[PDB]
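**Q** Here it is, the structure, as structure tokens.
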Amino acid sequence: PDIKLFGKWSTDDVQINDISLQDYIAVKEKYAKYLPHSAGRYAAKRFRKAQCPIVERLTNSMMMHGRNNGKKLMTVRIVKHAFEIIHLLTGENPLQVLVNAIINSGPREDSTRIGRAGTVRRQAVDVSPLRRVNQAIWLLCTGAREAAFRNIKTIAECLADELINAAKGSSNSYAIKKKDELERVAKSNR
Amino acid sequence: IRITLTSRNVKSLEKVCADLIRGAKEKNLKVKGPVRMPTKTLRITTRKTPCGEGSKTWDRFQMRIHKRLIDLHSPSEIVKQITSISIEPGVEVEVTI
Amino acid sequence: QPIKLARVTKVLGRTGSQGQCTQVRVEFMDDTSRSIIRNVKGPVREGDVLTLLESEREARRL
Amino acid sequence: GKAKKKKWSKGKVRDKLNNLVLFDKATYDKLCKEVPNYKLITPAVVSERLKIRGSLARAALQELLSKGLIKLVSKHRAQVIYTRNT
Amino acid sequence: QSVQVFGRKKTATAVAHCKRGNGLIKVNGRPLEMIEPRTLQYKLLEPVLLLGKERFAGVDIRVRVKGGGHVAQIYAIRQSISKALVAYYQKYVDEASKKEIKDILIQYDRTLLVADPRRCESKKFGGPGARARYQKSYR
Amino acid sequence: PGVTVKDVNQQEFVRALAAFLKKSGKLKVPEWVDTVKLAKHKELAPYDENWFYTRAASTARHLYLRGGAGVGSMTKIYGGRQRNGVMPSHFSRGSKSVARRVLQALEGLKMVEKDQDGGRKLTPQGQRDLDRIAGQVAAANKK
Amino acid sequence: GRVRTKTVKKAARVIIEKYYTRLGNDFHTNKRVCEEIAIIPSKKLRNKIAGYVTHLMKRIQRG
Amino acid sequence: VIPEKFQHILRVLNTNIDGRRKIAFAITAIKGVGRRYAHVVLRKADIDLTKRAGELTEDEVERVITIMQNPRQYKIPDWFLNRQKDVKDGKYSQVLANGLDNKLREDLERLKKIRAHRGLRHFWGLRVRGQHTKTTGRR
RNA sequence: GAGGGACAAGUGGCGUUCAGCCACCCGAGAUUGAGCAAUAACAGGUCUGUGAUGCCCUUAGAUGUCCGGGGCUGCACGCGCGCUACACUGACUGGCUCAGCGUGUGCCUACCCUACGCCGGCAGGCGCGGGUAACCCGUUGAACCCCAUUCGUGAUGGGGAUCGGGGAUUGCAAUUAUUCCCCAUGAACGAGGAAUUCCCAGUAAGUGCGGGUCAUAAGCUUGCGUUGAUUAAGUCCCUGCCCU
Ligand SMILES: [Mg+2]
Ligand SMILES: [Mg+2]
Ligand SMILES: [Mg+2]
Ligand SMILES: [Mg+2]
Ligand SMILES: [Mg+2]
Ligand SMILES: [Mg+2]
Ligand SMILES: [Mg+2]
Ligand SMILES: [Mg+2]
Ligand SMILES: [Mg+2]
């Protein structure tokens, strides 16, 4: 009877401020599950992976690099700490700023090779919105990992810092750093 | 009083089991079921080659040991009468009183 | 330097030395029914709204 | 014998940086003065920002927890989560 | 008035004996509140937190699992509860409400009523795993 | 109300049961465990000084769970990952002198009954003791 | 992956050539009719032949 | 709450310099003391393990050094010591930092007079327990 | 044990009547993994698998066959398959909690699996019991994982290489190699250039167990379980191959 909620949350009124990322972020009411640790079978069909919730996708991309490859309980615990840290940092709900960080995590277009079998020039073309979501989550988890590499700060603390500094354009996060590193090359090869 | 029927293959096992059922269920004996044992498998892995050339290509030989048990509480004279069966040679019979 | 949005109508085919780009004749929302063909890499369906950074280009092949 | 390596990346973060084992008088007094000013009381921020080790940081945070100035939200394996009321 | 429903996770089988009562969940003598991972103390409560309390206090279910892994036992308990409610609503309560609660369970999650055919493949004689091979040696 | 040790979380139960065994004085510790005794095959000693009471409480919980375990059975109940260093790890077994020590101590303090087929099992006195201690730990939980 | 063998298609063509009134548009009936009017050892071959027989029935009945 | 005690750098057995992280892990810095022996000496000295090296009494330091130089008066049986029966004296003892290298030099000095191949492989650039030295032992 | 159950079948679109592709439901599965595997070769390897063998050599001071040793391991270097780490998503301690293949004795000729109780800190010893096996180890109480403590970015408590002393196990004997346990010595290693290997879902990877070797016996390999992703479902550019 009650509303579906992650922890003590609501999971409601999280509105995407723009278009081109709706129906691929599963923040809506028909994909609100209590824990990210679900039966992941979203790799048989080509386009069933977009129905995965983005918090589950963040856990799945967070678990990497052999020594942490697996351990969904551990990475769901890390995201459980991280949403709490984002909430204690001035409110400004962690699901809402997670969607905002996925929107503002960098690449709206990328440069790749074209055919003709000649000089490799790497002409900048458009990019899939699914690939935008994928590269967004990958850059956020990579930046959180290398920010929490060799420090007293935790994976969850640096992931919260990365999501806040990616939702806010303060030019201090790895998402904005690789946004510079990719969009300057894209405007150069335009 | 139990009898263990252990055969080489499941087809002759089921044939001699059906013959035992057809020869036992007409008398005044409360015949217990042919209790199915789990199938035993002896897995042997073989290099396939006398000398070391090529990829690691391995033979995997297996058997399927099938075992059945039946229970017939009776005097010992009835068990010797039931035991005399023109039987398939791939079937082994043990008795235990 | 404006930034426009565009939703996919049809998918033509795949292009590249790897075959990785996809020729998509997308459509134009903010203006009248104009038609260009762009190259999108990654998985894409029909009906996908997409952020464009330049609408003056037209990559065509025969 | 000889010493050879394929990568050349020297010049690390800060020159074998020290960190205080035991709290001082005026330093820990300043810590007690400015400790309500922080919004999120986490042992990593208290350790790295205020030149404290993790052991003395956890000891001071548990001491102020027993004093009652800082409220505990949810403690766990390594992410100890504290908050000041209002 | 007692129905036993079975498990069917990957290598986890949960015997769920359901019977009319006042509200009890037994997992090898240990109640519902004690879940062996502390992280998964919302996923196994998804039949509890969604379906209501008048159903929990109406149906007693005791569960015994002889599974293989912790996650497998958690999903085996979850699937055994979600199928034991369907079996009790077949055997005691009418189909006019059984179809409604089954539509609720299916529109929530397919894995509550549908078992998943995923088992680990055989390790091959060439490489160290099912698909992986060993490293080559060229010049 | 009826309180079972499965109804109560163990992580409060053993932490209180160590103190309630310190109150009774149900511990024998002859010479080597007075001095020092290490883990399974490890480098360091246990930290919290009441670890003998903790081993006795874990032994009491395991004999409440399974009736018929013994020295090697409880040794495999402890279980060990043997980090050999460069050579990879294996399953190593725990110690046997503590496994006979805790059983002999609880036998002398009337908490282990002998099974004619196996080993330890629960006494009615130990049943009453563990049930009252589980009830007061459940009272501290609900309070 | 329904690119089934010439022996399967030729057996189904012999079935639709000899016996047409016995066959219908239902797979569960045509599979049983084929096991009375032919001898097929393999159950997957039964299903394959009966599926192509139903496809031929849907082609013939329409056009 | 122990604000400050004027004790940072210690001098034990004329060569060793104690650290500042702990006491049970600053005794580790003494040669002849590794992992378990320091925690044994701490439990014989009955010091609370939370205490540092600088927060500890100098009389208790002298007591710890007394337990170091003579452990066999109270406890710590004959197996836990480093220098076992092969002494040329049969004295069960624990080596010092200045003593350990001297006993190793006496070991090697008498092995060179024995002319065992163990001492010969130690005198050459080889390994005693080096069962394979093809790739092992380069540079 | 048998039988059933899945066939692109029902719908719509893409297609020449078409062969066929795409989206959904019912379903447990919209198809999983292996074995066998065409004509024909490589002048690929095995005479060191055979009492399968042609030719050549030796045959009584023997290239035959026994006995005692050493050797195959021997290192100024280069290469391949692998194991462990370079930590805080971590190491230490304590508590908690879950498996599945398969193996095990008096053998066609010498032999185990192990419960219990006691002693010993430990590896181990002693007495007794069960199992020719869904019966006994064994409701394989496994590791990983979960909770709490300690450490706090230090070549640190990560790494445990090298090396010294002692104690037990099998063997007739382990020393210029066993193996395991206890203490101690505490190196490089700060995530690795040029290049290169494997992989599309219970899949890679983390992690442990069983067998083969054996008397003591894995870091090899074969199979099994636990946790368990990010990316593709496309092409002929790099490489290899097939067909005209
Ligand atoms: Mg040496
Ligand atoms: Mg060599
Ligand atoms: Mg051929
Ligand atoms: Mg012959
Ligand atoms: Mg190697
Ligand atoms: Mg190794
Ligand atoms: Mg033998
Ligand atoms: Mg050595
Ligand atoms: Mg052998």
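Here, A, B, ... name the chains of the structure tokens in the order displayed, residue numbers run from 1 inside each chain, and ligands are numbered from 1 in the same displayed order.
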Would you name the residues within 9 Å of ligand 8, counting only C-alpha atoms (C1' of nucleotides) and all ligand atoms, and put them as a ChimeraX atom specification?

**A** /H:127-130 /I:162-164

**Q** What's the 8 Å shell around region 145-149 of chain I, counting only C-alpha atoms (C1' of nucleotides), without same-chain residues fewer than 5 positions away, as a list in words?

**A** residues 71 of chain A; 77 of chain D; 36, 37 and 38 of chain E; 11 of chain F; 93, 96 and 227 of chain I

**Q** Among region 45-158 of chain A, which ones does DSSP place in strand (DSSP E), written as JSON, numbers by chain?

**A** {"A": [109, 110, 111, 124, 125, 126, 127]}

**Q** What lies within 6 Å of region 81-88 of chain F using only C-alpha atoms (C1' of nucleotides), ignoring chain neighbours under 2 positions off, as an NGL selection string?

**A** (:F and (90-92)) or (:I and (84 or 219))

**Q** Compute the set of protein, DNA and RNA residues whose minimum atom distance to ligand 4 is at most 12 Å, using only C-alpha atoms (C1' of nucleotides) and all ligand atoms, and state it as a list in words.

**A**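 Counting only what the definition allows, namely only C-alpha atoms (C1' of nucleotides) and all ligand atoms, the set is residues 50, 51, 52 and 53 of chain I.
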
**Q** Set out as a Markdown table a contact list for chain A and chain C with a cut-off of 6 Å, giving each residue of chain A that qualifies its closest atom pair and distance in Å to one decimal, counting only C-alpha atoms, ordered by chain and rising residue number.

**A**
| residue | atom | partner | partner_atom | distance |
| --- | --- | --- | --- | --- |
| A:20 | CA | C:49 | CA | 4.5 |
| A:114 | CA | C:16 | CA | 5.2 |
| A:115 | CA | C:16 | CA | 4.6 |
| A:125 | CA | C:39 | CA | 5.7 |
| A:126 | CA | C:40 | CA | 4.6 |
| A:127 | CA | C:40 | CA | 4.9 |
| A:128 | CA | C:42 | CA | 5.0 |
| A:131 | CA | C:42 | CA | 5.8 |

**Q** Once you have the residues from the selection above, write them out as a PDB file, in the first residue's frame, restricted to C-alpha atoms.

**A**
ATOM      1  CA  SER A  20      17.159  12.515 -24.753  1.00  0.00           C
ATOM      2  CA  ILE A 114      35.470   6.890 -40.568  1.00  0.00           C
ATOM      3  CA  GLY A 115      36.061   4.620 -43.587  1.00  0.00           C
ATOM      4  CA  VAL A 125      30.244  12.039 -35.014  1.00  0.00           C
ATOM      5  CA  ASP A 126      27.147  11.676 -32.851  1.00  0.00           C
ATOM      6  CA  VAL A 127      26.912   9.164 -30.015  1.00  0.00           C
ATOM      7  CA  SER A 128      24.150   6.865 -28.770  1.00  0.00           C
ATOM      8  CA  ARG A 131      26.473   4.882 -24.829  1.00  0.00           C
TER       9      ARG A 131
END

**Q** Provide the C1' of residue 188 (chain I) to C1' of residue 154 (chain I) distance in Å, to one decimal place.

**A**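 Result for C1' of residue 188 (chain I) versus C1' of residue 154 (chain I): 17.6 Å, one decimal.
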
**Q** Neighbours of ligand 3 at 8 Å or closer, counting only C-alpha atoms (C1' of nucleotides) and all ligand atoms: which residues, as a PyMOL selection string?

**A** chain I and resi 38-41

**Q** Identify all chain E residues at most 7 Å from chain A by counting only C-alpha atoms; ligands do not count. Present them as a PDB file with C-alpha atoms, in the first residue's frame.

**A**
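Dumped to result_34.pdb:
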ATOM      1  CA  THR E  39      22.641  -5.848   3.130  1.00  0.00           C
ATOM      2  CA  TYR E  42      14.908  -5.413   2.159  1.00  0.00           C
ATOM      3  CA  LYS E  43      14.848  -7.897  -0.759  1.00  0.00           C
ATOM      4  CA  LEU E  50       4.409  -4.830  -0.425  1.00  0.00           C
TER       5      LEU E  50
END

**Q** Find the residues near region 58-61 of chain E: any atom within 7 Å, counting only C-alpha atoms (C1' of nucleotides), skip ones fewer than 4 places away on the same chain, and give them as a list in words.

**A**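 Once the adjacent positions are removed, what remains is residues 16, 17, 18, 19, 20, 21, 22, 23, 24, 25, 26 and 54 of chain E.
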
**Q** Considering only C-alpha atoms, can you say which of D:2, D:58, D:33, D:76 comes closest to chain E?

**A** D:76

**Q** If we count only C-alpha atoms (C1' of nucleotides), which residues of chain E reach to within 12 Å of chain I? Please list them as a PDB file with N, CA and C atoms, in the first residue's frame.

**A**
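Ended up saving to part-v2.pdb:
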ATOM      1  N   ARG E   8      13.578 -23.998  -5.992  1.00  0.00           N
ATOM      2  CA  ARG E   8      14.054 -23.891  -7.375  1.00  0.00           C
ATOM      3  C   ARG E   8      14.728 -22.545  -7.648  1.00  0.00           C
ATOM      4  N   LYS E   9      15.802 -22.309  -6.900  1.00  0.00           N
ATOM      5  CA  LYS E   9      16.858 -21.384  -7.280  1.00  0.00           C
ATOM      6  C   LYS E   9      17.919 -22.234  -8.004  1.00  0.00           C
ATOM      7  N   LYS E  10      19.123 -21.692  -8.222  1.00  0.00           N
ATOM      8  CA  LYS E  10      20.150 -22.351  -9.026  1.00  0.00           C
ATOM      9  C   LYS E  10      20.649 -23.638  -8.372  1.00  0.00           C
ATOM     10  N   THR E  11      21.111 -23.558  -7.128  1.00  0.00           N
ATOM     11  CA  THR E  11      21.355 -24.757  -6.327  1.00  0.00           C
ATOM     12  C   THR E  11      20.820 -24.503  -4.914  1.00  0.00           C
ATOM     13  N   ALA E  12      19.572 -24.051  -4.835  1.00  0.00           N
ATOM     14  CA  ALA E  12      18.937 -23.779  -3.554  1.00  0.00           C
ATOM     15  C   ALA E  12      17.480 -24.203  -3.598  1.00  0.00           C
ATOM     16  N   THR E  13      17.108 -25.119  -2.707  1.00  0.00           N
ATOM     17  CA  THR E  13      15.755 -25.651  -2.633  1.00  0.00           C
ATOM     18  C   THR E  13      15.184 -25.341  -1.258  1.00  0.00           C
ATOM     19  N   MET E  34      15.855 -12.134  11.217  1.00  0.00           N
ATOM     20  CA  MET E  34      17.271 -12.487  11.154  1.00  0.00           C
ATOM     21  C   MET E  34      17.598 -12.985   9.751  1.00  0.00           C
ATOM     22  N   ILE E  35      18.120 -12.083   8.924  1.00  0.00           N
ATOM     23  CA  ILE E  35      18.615 -12.396   7.589  1.00  0.00           C
ATOM     24  C   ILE E  35      20.137 -12.397   7.655  1.00  0.00           C
ATOM     25  N   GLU E  36      20.761 -13.454   7.114  1.00  0.00           N
ATOM     26  CA  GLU E  36      22.194 -13.695   7.286  1.00  0.00           C
ATOM     27  C   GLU E  36      23.073 -12.635   6.611  1.00  0.00           C
ATOM     28  N   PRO E  37      22.726 -12.072   5.418  1.00  0.00           N
ATOM     29  CA  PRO E  37      23.362 -10.798   5.054  1.00  0.00           C
ATOM     30  C   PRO E  37      22.581  -9.599   5.571  1.00  0.00           C
ATOM     31  N   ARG E  38      23.287  -8.639   6.172  1.00  0.00           N
ATOM     32  CA  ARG E  38      22.644  -7.407   6.613  1.00  0.00           C
ATOM     33  C   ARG E  38      22.290  -6.494   5.446  1.00  0.00           C
ATOM     34  N   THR E  39      22.928  -6.684   4.290  1.00  0.00           N
ATOM     35  CA  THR E  39      22.641  -5.848   3.130  1.00  0.00           C
ATOM     36  C   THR E  39      21.288  -6.199   2.522  1.00  0.00           C
ATOM     37  N   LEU E  40      20.937  -7.486   2.509  1.00  0.00           N
ATOM     38  CA  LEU E  40      19.714  -7.951   1.866  1.00  0.00           C
ATOM     39  C   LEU E  40      18.513  -7.964   2.801  1.00  0.00           C
ATOM     40  N   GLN E  41      18.476  -7.097   3.813  1.00  0.00           N
ATOM     41  CA  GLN E  41      17.287  -7.003   4.661  1.00  0.00           C
ATOM     42  C   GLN E  41      16.306  -5.953   4.126  1.00  0.00           C
ATOM     43  N   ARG E  64      12.478 -24.392   5.276  1.00  0.00           N
ATOM     44  CA  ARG E  64      13.758 -25.053   5.515  1.00  0.00           C
ATOM     45  C   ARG E  64      14.503 -25.173   4.196  1.00  0.00           C
ATOM     46  N   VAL E  65      15.739 -24.678   4.164  1.00  0.00           N
ATOM     47  CA  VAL E  65      16.527 -24.595   2.941  1.00  0.00           C
ATOM     48  C   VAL E  65      17.789 -25.424   3.130  1.00  0.00           C
ATOM     49  N   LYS E  66      18.136 -26.215   2.117  1.00  0.00           N
ATOM     50  CA  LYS E  66      19.412 -26.916   2.098  1.00  0.00           C
ATOM     51  C   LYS E  66      20.217 -26.456   0.891  1.00  0.00           C
ATOM     52  N   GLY E  67      20.271 -25.143   0.680  1.00  0.00           N
ATOM     53  CA  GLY E  67      20.872 -24.569  -0.505  1.00  0.00           C
ATOM     54  C   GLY E  67      22.387 -24.585  -0.493  1.00  0.00           C
ATOM     55  N   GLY E  68      22.964 -23.918  -1.491  1.00  0.00           N
ATOM     56  CA  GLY E  68      24.399 -23.946  -1.694  1.00  0.00           C
ATOM     57  C   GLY E  68      25.122 -22.655  -1.372  1.00  0.00           C
ATOM     58  N   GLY E  69      24.469 -21.516  -1.594  1.00  0.00           N
ATOM     59  CA  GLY E  69      25.074 -20.236  -1.318  1.00  0.00           C
ATOM     60  C   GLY E  69      24.111 -19.325  -0.585  1.00  0.00           C
ATOM     61  N   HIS E  70      24.667 -18.231  -0.055  1.00  0.00           N
ATOM     62  CA  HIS E  70      23.881 -17.320   0.773  1.00  0.00           C
ATOM     63  C   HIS E  70      22.850 -16.567  -0.056  1.00  0.00           C
ATOM     64  N   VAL E  71      23.287 -15.977  -1.173  1.00  0.00           N
ATOM     65  CA  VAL E  71      22.395 -15.268  -2.088  1.00  0.00           C
ATOM     66  C   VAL E  71      21.355 -16.219  -2.671  1.00  0.00           C
ATOM     67  N   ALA E  72      21.779 -17.442  -2.999  1.00  0.00           N
ATOM     68  CA  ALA E  72      20.867 -18.459  -3.507  1.00  0.00           C
ATOM     69  C   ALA E  72      19.811 -18.837  -2.478  1.00  0.00           C
ATOM     70  N   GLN E  73      20.187 -18.932  -1.198  1.00  0.00           N
ATOM     71  CA  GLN E  73      19.199 -19.210  -0.160  1.00  0.00           C
ATOM     72  C   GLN E  73      18.252 -18.037   0.058  1.00  0.00           C
ATOM     73  N   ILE E  74      18.747 -16.798  -0.063  1.00  0.00           N
ATOM     74  CA  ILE E  74      17.880 -15.628   0.103  1.00  0.00           C
ATOM     75  C   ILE E  74      16.822 -15.581  -0.995  1.00  0.00           C
ATOM     76  N   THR E 111      10.421 -12.800 -11.486  1.00  0.00           N
ATOM     77  CA  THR E 111      11.176 -13.846 -10.801  1.00  0.00           C
ATOM     78  C   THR E 111      10.492 -14.369  -9.542  1.00  0.00           C
ATOM     79  N   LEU E 113       7.342 -15.727  -9.508  1.00  0.00           N
ATOM     80  CA  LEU E 113       6.602 -16.915  -9.910  1.00  0.00           C
ATOM     81  C   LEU E 113       7.324 -17.724 -10.981  1.00  0.00           C
ATOM     82  N   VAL E 114       8.210 -17.098 -11.750  1.00  0.00           N
ATOM     83  CA  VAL E 114       8.917 -17.752 -12.846  1.00  0.00           C
ATOM     84  C   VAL E 114      10.325 -18.089 -12.377  1.00  0.00           C
ATOM     85  N   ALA E 115      10.639 -19.381 -12.337  1.00  0.00           N
ATOM     86  CA  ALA E 115      12.001 -19.813 -12.060  1.00  0.00           C
ATOM     87  C   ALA E 115      12.896 -19.534 -13.262  1.00  0.00           C
ATOM     88  N   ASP E 116      14.187 -19.349 -12.994  1.00  0.00           N
ATOM     89  CA  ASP E 116      15.127 -18.946 -14.029  1.00  0.00           C
ATOM     90  C   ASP E 116      16.050 -20.104 -14.373  1.00  0.00           C
ATOM     91  N   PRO E 117      16.051 -20.580 -15.618  1.00  0.00           N
ATOM     92  CA  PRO E 117      17.002 -21.630 -16.008  1.00  0.00           C
ATOM     93  C   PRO E 117      18.412 -21.110 -16.245  1.00  0.00           C
ATOM     94  N   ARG E 118      19.178 -20.892 -15.177  1.00  0.00           N
ATOM     95  CA  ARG E 118      20.584 -20.516 -15.300  1.00  0.00           C
ATOM     96  C   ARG E 118      21.405 -21.395 -14.368  1.00  0.00           C
ATOM     97  N   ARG E 119      22.205 -22.285 -14.949  1.00  0.00           N
ATOM     98  CA  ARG E 119      23.128 -23.131 -14.210  1.00  0.00           C
ATOM     99  C   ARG E 119      24.528 -22.949 -14.778  1.00  0.00           C
ATOM    100  N   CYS E 120      25.537 -23.264 -13.970  1.00  0.00           N
ATOM    101  CA  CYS E 120      26.915 -23.083 -14.407  1.00  0.00           C
ATOM    102  C   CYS E 120      27.310 -24.159 -15.414  1.00  0.00           C
ATOM    103  N   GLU E 121      28.008 -23.741 -16.468  1.00  0.00           N
ATOM    104  CA  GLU E 121      28.375 -24.645 -17.545  1.00  0.00           C
ATOM    105  C   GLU E 121      29.555 -25.523 -17.138  1.00  0.00           C
ATOM    106  N   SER E 122      29.816 -26.535 -17.959  1.00  0.00           N
ATOM    107  CA  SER E 122      30.926 -27.439 -17.703  1.00  0.00           C
ATOM    108  C   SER E 122      32.249 -26.774 -18.058  1.00  0.00           C
ATOM    109  N   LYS E 123      33.236 -26.947 -17.185  1.00  0.00           N
ATOM    110  CA  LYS E 123      34.579 -26.455 -17.454  1.00  0.00           C
ATOM    111  C   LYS E 123      35.213 -27.292 -18.558  1.00  0.00           C
ATOM    112  N   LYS E 124      35.819 -26.627 -19.535  1.00  0.00           N
ATOM    113  CA  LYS E 124      36.323 -27.341 -20.697  1.00  0.00           C
ATOM    114  C   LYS E 124      37.725 -27.885 -20.446  1.00  0.00           C
ATOM    115  N   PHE E 125      38.088 -28.891 -21.237  1.00  0.00           N
ATOM    116  CA  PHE E 125      39.376 -29.563 -21.124  1.00  0.00           C
ATOM    117  C   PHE E 125      40.512 -28.798 -21.788  1.00  0.00           C
ATOM    118  N   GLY E 126      40.225 -27.677 -22.443  1.00  0.00           N
ATOM    119  CA  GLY E 126      41.265 -26.889 -23.069  1.00  0.00           C
ATOM    120  C   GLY E 126      41.743 -25.741 -22.206  1.00  0.00           C
ATOM    121  N   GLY E 127      40.808 -24.951 -21.689  1.00  0.00           N
ATOM    122  CA  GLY E 127      41.145 -23.786 -20.908  1.00  0.00           C
ATOM    123  C   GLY E 127      40.842 -23.953 -19.432  1.00  0.00           C
ATOM    124  N   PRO E 128      41.111 -22.910 -18.638  1.00  0.00           N
ATOM    125  CA  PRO E 128      40.852 -23.005 -17.194  1.00  0.00           C
ATOM    126  C   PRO E 128      39.388 -22.884 -16.822  1.00  0.00           C
ATOM    127  N   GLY E 129      38.554 -22.317 -17.685  1.00  0.00           N
ATOM    128  CA  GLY E 129      37.150 -22.155 -17.368  1.00  0.00           C
ATOM    129  C   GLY E 129      36.228 -22.740 -18.415  1.00  0.00           C
ATOM    130  N   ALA E 130      34.976 -22.280 -18.429  1.00  0.00           N
ATOM    131  CA  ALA E 130      34.017 -22.769 -19.411  1.00  0.00           C
ATOM    132  C   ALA E 130      34.285 -22.176 -20.788  1.00  0.00           C
ATOM    133  N   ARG E 131      34.611 -20.887 -20.849  1.00  0.00           N
ATOM    134  CA  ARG E 131      34.883 -20.235 -22.122  1.00  0.00           C
ATOM    135  C   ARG E 131      36.333 -19.814 -22.291  1.00  0.00           C
ATOM    136  N   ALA E 132      37.018 -19.469 -21.203  1.00  0.00           N
ATOM    137  CA  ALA E 132      38.370 -18.941 -21.300  1.00  0.00           C
ATOM    138  C   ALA E 132      39.366 -20.033 -21.668  1.00  0.00           C
ATOM    139  N   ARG E 133      40.448 -19.621 -22.317  1.00  0.00           N
ATOM    140  CA  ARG E 133      41.543 -20.498 -22.690  1.00  0.00           C
ATOM    141  C   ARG E 133      42.819 -20.009 -22.023  1.00  0.00           C
ATOM    142  N   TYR E 134      43.880 -20.798 -22.154  1.00  0.00           N
ATOM    143  CA  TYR E 134      45.164 -20.377 -21.622  1.00  0.00           C
ATOM    144  C   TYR E 134      45.887 -19.493 -22.633  1.00  0.00           C
ATOM    145  N   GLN E 135      46.966 -18.863 -22.177  1.00  0.00           N
ATOM    146  CA  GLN E 135      47.692 -17.918 -23.010  1.00  0.00           C
ATOM    147  C   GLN E 135      48.549 -18.645 -24.037  1.00  0.00           C
ATOM    148  N   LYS E 136      48.599 -18.088 -25.243  1.00  0.00           N
ATOM    149  CA  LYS E 136      49.382 -18.664 -26.322  1.00  0.00           C
ATOM    150  C   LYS E 136      50.853 -18.275 -26.181  1.00  0.00           C
ATOM    151  N   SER E 137      51.676 -18.818 -27.075  1.00  0.00           N
ATOM    152  CA  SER E 137      53.113 -18.561 -27.070  1.00  0.00           C
ATOM    153  C   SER E 137      53.582 -18.460 -28.515  1.00  0.00           C
ATOM    154  N   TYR E 138      53.878 -17.244 -28.957  1.00  0.00           N
ATOM    155  CA  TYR E 138      54.279 -16.961 -30.328  1.00  0.00           C
ATOM    156  C   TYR E 138      55.709 -16.428 -30.344  1.00  0.00           C
ATOM    157  N   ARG E 139      56.165 -16.048 -31.533  1.00  0.00           N
ATOM    158  CA  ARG E 139      57.465 -15.406 -31.690  1.00  0.00           C
ATOM    159  C   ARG E 139      57.462 -14.477 -32.902  1.00  0.00           C
TER     160      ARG E 139
END

**Q** Distance CA of residue 154 (chain A)-CA of residue 14 (chain A), one decimal place?

**A**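 Computing it gives 27.4 Å between the two atoms.
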
**Q** Show me which bits of chain B are within 8 Å of chain E, counting only C-alpha atoms, as a ChimeraX atom specification.

**A** /B:55-58

**Q** Which residues come within 7 Å of residue 190 (chain A), counting only C-alpha atoms (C1' of nucleotides), excluding same-chain residues fewer than 4 positions away, as a list in words?

**A**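 Near neighbours after the sequence-gap exclusion: residues 123, 124 and 186 of chain A.
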
**Q** The selected residues should be written to file as a CSV table (one decimal), in the first residue's frame (atoms: N, CA and C atoms).

**A**
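Saved result, again.csv, follows:
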chain,number,residue,atom,x,y,z
A,123,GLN,N,37.0,11.8,-37.4
A,123,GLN,CA,36.0,12.8,-37.5
A,123,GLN,C,34.9,12.6,-36.4
A,124,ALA,N,34.6,13.7,-35.7
A,124,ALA,CA,33.6,13.7,-34.6
A,124,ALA,C,32.2,13.5,-35.1
A,186,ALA,N,36.9,16.9,-29.7
A,186,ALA,CA,35.7,16.9,-30.6
A,186,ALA,C,35.5,18.2,-31.4

**Q** So which one's closest to ligand 2, I:106, I:70, I:78, I:90? Using only C-alpha atoms (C1' of nucleotides) and all ligand atoms, please.

**A**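 Closest candidate: I:78.
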
**Q** Extract, using only C-alpha atoms (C1' of nucleotides), all DNA, RNA and protein residues at most 10 Å from residue 119 (chain H), discarding same-chain residues fewer than 5 positions from it, and format them as a PyMOL selection string.

**A** chain H and resi 107-114+124+128

**Q** Select all residues from chain I having any atom no more than 8 Å from an atom of chain B (counting only C-alpha atoms (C1' of nucleotides), ignoring ligands), output as an NGL selection string.

**A** :I and (1 or 45-46 or 49 or 134 or 222)

**Q** For residue 126 (chain F), find every residue with an atom within 10 Å (counting only C-alpha atoms (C1' of nucleotides)), except residues of its own chain fewer than 4 positions away, and show them as a VMD selection string.

**A** chain F and resid 60 64 106 109 to 113 121 to 122 130 to 132
